[PDB]
Amino acid sequence: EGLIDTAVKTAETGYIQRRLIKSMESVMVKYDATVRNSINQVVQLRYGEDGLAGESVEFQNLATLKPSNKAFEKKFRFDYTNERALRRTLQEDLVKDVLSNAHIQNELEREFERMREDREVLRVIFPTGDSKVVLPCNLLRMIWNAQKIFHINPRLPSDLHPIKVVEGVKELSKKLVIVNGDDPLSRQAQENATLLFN
Amino acid sequence: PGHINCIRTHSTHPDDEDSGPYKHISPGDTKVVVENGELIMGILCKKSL
Amino acid sequence: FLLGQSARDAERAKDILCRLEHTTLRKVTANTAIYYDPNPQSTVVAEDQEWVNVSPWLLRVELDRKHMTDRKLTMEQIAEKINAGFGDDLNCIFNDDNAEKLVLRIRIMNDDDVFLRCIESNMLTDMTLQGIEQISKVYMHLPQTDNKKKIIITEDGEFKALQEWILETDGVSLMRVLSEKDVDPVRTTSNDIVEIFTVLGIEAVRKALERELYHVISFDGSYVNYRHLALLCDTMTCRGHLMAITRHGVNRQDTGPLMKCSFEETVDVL
Amino acid sequence: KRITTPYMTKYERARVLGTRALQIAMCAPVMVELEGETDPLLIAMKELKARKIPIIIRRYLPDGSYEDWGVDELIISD
Amino acid sequence: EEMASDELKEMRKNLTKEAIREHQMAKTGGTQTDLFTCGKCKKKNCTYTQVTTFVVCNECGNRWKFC
Amino acid sequence: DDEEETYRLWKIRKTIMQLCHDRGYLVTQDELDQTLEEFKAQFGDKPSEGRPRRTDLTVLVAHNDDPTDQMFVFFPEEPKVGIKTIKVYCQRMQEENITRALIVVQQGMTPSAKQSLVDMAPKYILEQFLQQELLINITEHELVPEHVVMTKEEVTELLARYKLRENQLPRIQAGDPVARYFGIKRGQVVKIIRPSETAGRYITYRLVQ
Amino acid sequence: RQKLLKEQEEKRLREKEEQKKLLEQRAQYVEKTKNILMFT
Amino acid sequence: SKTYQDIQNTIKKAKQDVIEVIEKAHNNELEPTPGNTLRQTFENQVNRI
DNA sequence: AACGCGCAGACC
DNA sequence: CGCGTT
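Residue numbers (the entry's author numbering), protein chains in the order written: chain D, 845 to 1042; chain H, 597 to 645; chain A, 1142 to 1195, 1208 to 1263, 1280 to 1439; chain U, 50 to 127; chain F, 226 to 276, 286 to 301; chain R, 2 to 210; chain V, 853 to 892; chain C, 696 to 744.
What follows is the structure, encoded as structure tokens:
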């Protein structure tokens, strides 16, 4: 029985693959960053609904997905009120700044609102709560390499102001572009394409 | 090569180990933890190579 | 997927299952015998049911009790349908729901010998007493994986998968299944392709084809990048209609003869 | 007003390397000081690294237009 | 259905219960245990099948396999 | 049947109201989601030769920004609608300046009626919908993603932006259930928004032809 | 706090706009009903 | 050795179980499992054992 | 009474 | 073969 099954499988899969290849042997990504066939008919505005190659993609987890509201709040809010914890994490030249400057407080509140919005978007986008998702860069491994290279030593108070991290992330999101163009439609498509990654 | 960092689980790794103690020190020599391109813990198998 | 309260309890779900499954006389019947009793009041058989109620021939179609109770029917509506189906041409005397035998009496009033045979045959082969066509039989299995359990974000935030009853049919209709009450008209898929194209839309077909392809390719545990599946689905659903991967679906596009002959129907396309 | 990607695709890079190696094999003036090699492919690779290949790539777009890039203008991947 | 006698009503209820029980489908078998945590719902209850160690979520329904 | 007929009529009315709202026709938020108790109380709940008779529950809703534009929703009683019915409807409609209509037939209209429907198209637009299809709203279905009927201005903007001819975009036949739901016709592009698991949201376009 | 108060007043203005839309809808239905009456 | 004894005991228990299932199916006690007929449920139970 | 079509069937 | 129109 096993030998007969192997023979019929090899006989059918051949024709199947032949048809699958003759159906799409002409599709290709054009320089306009769009997939088209031999008739220049757009099949995908962006390859793989993202415009990224399938080689430099690894599995990762969405930390802000399937959390408990209270857990998410206490984990992604950055309390700028516990002066003891602020001194424990950041340095004295930053605790006083984060306490006095209210612009920083407003910026962090706006960041948390944006984080909540992205969490709601993921929940309405990925039903059933599936954190495992394919993305290009493995940020956890990158952070680990950065730690092992720069000798962070997770114990001493670090020197990194939250405003610095916020502005760095914003500048990085502005840099990563797929749909080049200041047009409203161009910007909308760029945001929709790099949504999950950002 | 290089300073590679990765963690992997060995085939004969009891699941009821990360919860209990000996999480970062497996008695059975599982939980491959490579840092700066240097094997520290765990045994290599298909799950790692 | 059941929508109303029927999703939790099974008592109010068996009725949904029955109304979705196809029931006929051949299923709720046990024996059929054509007799030539001349006078209705004479009654060649020992049954005290015609005198209370009051052509020289009839058909005694005795129905089974277990099947009738499983489908939850009543002789009233059975007779209503068997009369409305043939018009005001027959007089089907039914029996009360208290006696042991669920007997009937089909008589015609206004070749005649075989007419009763023909009519009984064509009503037994198909009558549709309670159900829709196509759907042969419906199952009733609880969801064991997250691919079918209900998901609802509680006030606290967690998904907390809920175990609700679900029915697994064997035919295709969809148009008539979604319309039935106590049926989630949001999560009730179909498993077919042409049916979704005729019912929902081309975009729903693309999504359904993607899901079915992913299922059949990941069933064996393997993994394939979603990009390849999306590209294949898009190539199949680009020209609106579901272009088949076979010659009959690929050679219809306005690509060119040098490419159509490269695949199949060489001399023909040339 | 060029909108194509500023990176050199692998296909373009490979074709440019092969073409430059062929031009070099046919006795052509190099655009870099040779440290002591004779393989035309290696010379083309060195020329690419030095960014001195006298070639501009004409990338066509689906509409019909075309953008001309330069090996020394666009960024190289590898 | 309401006018039938007590014995007839009991028989009808029993027949309906039997039909409802037979129309159902047999649940998928497996070794239920709380040693594996489902990543789709965060619950601990689940079932394990060895044949390849497949995990089926009990409450959430997370499906996975371990080699 | 009586109760079943009332339930089907109520479900069809709800689907038509939701369809009108999606197209843009301003509808009462109340009637947009009214339950069935008020449906009974308003009509009578006696369709079996009583008060809730077809052709009386018809509705005429006007478009949002164009109050001069409206559209009827007829409910002929004839199971197999003929041609005299549509002829008299158009003759009675000719009095007003309306242009659009929508027929809700019990069963499939005769082929001879479709000829007149497409013939009277350039002067009075009217499309038919079966009750069997209106009993359920497909836009609220999980598979069916979000659709948007774009305007010629933004369509031309998209074309000029992508430097792509409208003929090159994907295709979606007008006979599509969603296309008929939105009332779109030939030569019109619909925008589709999908949850893409590799990019959050994905927006595509499809031209009807 | 004053910012929260003006946000609340903006929500009240939106509710007033909803009320005016509702009143206009009722004022147009009071006339549209006659066409539905004469239709039958 | 002890592994062989355990294997033999398991095989004998499996044989006894299948014989009991056959005896039940003959004497008409094994009720049909929902969604499956009598023979189907008998084969399923034997295969599971 | 004959013609316009459409579904089903049969046949290739 | 059936409906509806002329």
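For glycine and all other residues, C-beta sits at the position ideal for the given N, C-alpha and C.
- Between the segment 286 to 295 of chain F and the segment 1304 to 1320 of chain A, the count of Cβ pairs shorter than 8 Å is three or higher; the stretches touch.
- For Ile-52/U, the C-beta contacts it makes with chain D under 8 Å involve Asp-876, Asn-1024 and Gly-1025, in order along the chain.
- The beta carbon of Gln-35/R sits closer than 7 Å to none of the beta carbons in its chain outside the five residues before and after it.
- With contact defined as three or more Cβ pairs closer than 8 Å, the segment 64 to 74 of chain U and the segment 82 to 98 of chain U are in contact.
- Distance from the Cα of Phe-130/R is smallest, within the candidate group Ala-42/R, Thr-69/R, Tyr-182/R and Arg-162/R, for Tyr-182/R.
- From the listed residues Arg-24/R, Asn-138/R, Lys-47/R and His-148/R, the smallest Cα separation to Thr-7/R is found for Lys-47/R.
- The Cβ-Cβ distance between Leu-906/D and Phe-956/D does not fall below 9 Å.
- With fewer than 16 other CB atoms across the displayed protein chains lying within 10 angstroms of its CB, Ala-915/D is exposed.
- According to the DSSP assignment, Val-209/R belongs to the beta strand (DSSP E) that extends over 201 to 209.
- Burial check for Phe-903/D: the Cβ neighbour count within 10 Å stays below 16, so the residue is exposed.
- DSSP places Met-80/U in the coil class of the three-state scheme, outside both helix and strand.
- For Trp-298/F, the enclosing beta strand (DSSP E) covers residues 297 to 300.
- Between the C-alpha atoms of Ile-1259/A and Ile-1304/A there is a straight-line separation of about 28 Å.
- Just so you know, the alpha carbons of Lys-234/F and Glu-226/F end up roughly 7 Å apart.
- Residues of the segment 1306 to 1330 of chain A whose Cβ lies closer than 7 Å to any Cβ of chain D, in chain order: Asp-1315, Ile-1320, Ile-1322, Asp-1325, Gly-1326, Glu-1327 and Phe-1328.
- Closest in C-alpha terms to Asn-723/C, from the list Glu-715/C, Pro-729/C and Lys-697/C, comes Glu-715/C.
- Contact check for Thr-1358/A against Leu-136/R fails: the beta carbons are separated by 9 Å or more.
- Below 8 Å, enough C-beta pairs join the segment 82 to 92 of chain R and the segment 111 to 127 of chain R to call them touching: three or more.
- The DSSP-derived three-state label of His-148/R is strand.
- Taking C-beta separations shorter than 7 Å and ignoring five residues to either side along the sequence, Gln-133/R has no partners in its chain.
- DSSP, reduced to helix, strand and coil, places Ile-1301/A outside both helices and strands of the structure shown, so it counts as coil.
- In the three-state scheme derived from DSSP, where H, G and I count as helix and E and B as strand, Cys-263/F is classed as coil.
- Annotated three-state conformation of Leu-1158/A is helix, per DSSP.
- Partner residues in the beta bridge of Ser-197/R, as assigned by DSSP, are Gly-201/R.
- With three or more CB-CB distances shorter than 8 Å, the segment 1157 to 1172 of chain A counts as touching the segment 1214 to 1229 of chain A.
- C-alpha of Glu-38/R to C-alpha of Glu-5/R: approximately 14 Å in a straight line.
- Under the Cβ distance rule, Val-290/F counts among the residues neighbouring chain A, one pair being separated by less than 9 Å.
- Straight through space, the alpha carbons of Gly-184/R and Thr-1222/A are spaced by roughly 47 Å.
- Listed by position along chain A, the residues whose Cβ is nearer than 7 Å to that of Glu-893/D are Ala-1399.
- In the structure shown, the three-state DSSP call for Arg-928/D is helix.
- With a threshold of 16 other beta carbon atoms within 10 Å, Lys-268/F meets it and is buried.
- Along the segment 99 to 118 of chain U, the positions whose C-beta sits under 8 Å from a C-beta of chain R are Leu-110, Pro-111, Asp-112 and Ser-114, read in chain order.
- Using a Cβ distance threshold of 9 Å, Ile-173/R and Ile-1371/A count as a contacting pair.
- The segment 1033 to 1040 of chain D and the segment 196 to 207 of chain R touch, with no fewer than 3 CB-CB distances between them shorter than 8 Å.
- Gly-119/U has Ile-105/U as its beta-bridge partners, per DSSP.
- Contact annotation for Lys-884/V against chain R: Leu-61 [CB-CB distance below 7 Å, chain order].
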